[PDB]
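For reference, the chain that follows is the form deposited without 6-methyl-1H-indole-3-carboxylic acid, supplied as structure tokens.
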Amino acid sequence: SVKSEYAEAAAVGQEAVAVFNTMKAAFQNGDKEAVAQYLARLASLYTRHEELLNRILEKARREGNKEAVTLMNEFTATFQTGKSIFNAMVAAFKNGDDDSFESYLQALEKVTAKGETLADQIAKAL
């Protein structure tokens, strides 16, 4: 169903949030090897989430669930804002620009919060 597909995508998103927190702690602790590994993990999780979201979006659209589609489109906008920030943060990491990296972390926390509430709203609209 839309609900079961939603729960699959939710578990991928929940992993992405948890991995981000572990990555951030590694950065603060100076473990750059770990930061690099977790950035690569996040890149793959974001790709997977995008793939899952698009399939759910089209099913909800065919089902005439206009509210869920509207909320999914809002979530995509926040998620893609975060993805673009993430890509710039990966560049800052490999360039050793730690002040840029810190600024991006702050921006990603704000985007993540917007996506967390939208994710809750999507579940209610199903």
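Counting begins at 1, following the sequence as shown.
The same protein has a further form, the form deposited with 6-methyl-1H-indole-3-carboxylic acid bound, not shown here; the description that follows concerns it.
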* **Contact at 33, 36 and 94 by 6-methyl-1H-indole-3-carboxylic acid in the entry with it bound, all three, heavy atom at most 4.5 Å** => no
* To do: Answer with yes or no whether residue 44 is in contact with 6-methyl-1H-indole-3-carboxylic acid in the entry with it bound, where contact means some heavy atom within 4.5 Å.
  => yes
* Asked: Counting only non-hydrogen atoms and a 4.5 angstroms cut-off, does residue 48 reach 6-methyl-1H-indole-3-carboxylic acid in the entry with it bound?
  -> yes
* To do: Just give me the residues of 12-37, first to last, that have a heavy atom within 4.5 Å of 6-methyl-1H-indole-3-carboxylic acid in the entry with it bound.
  => 12, 15
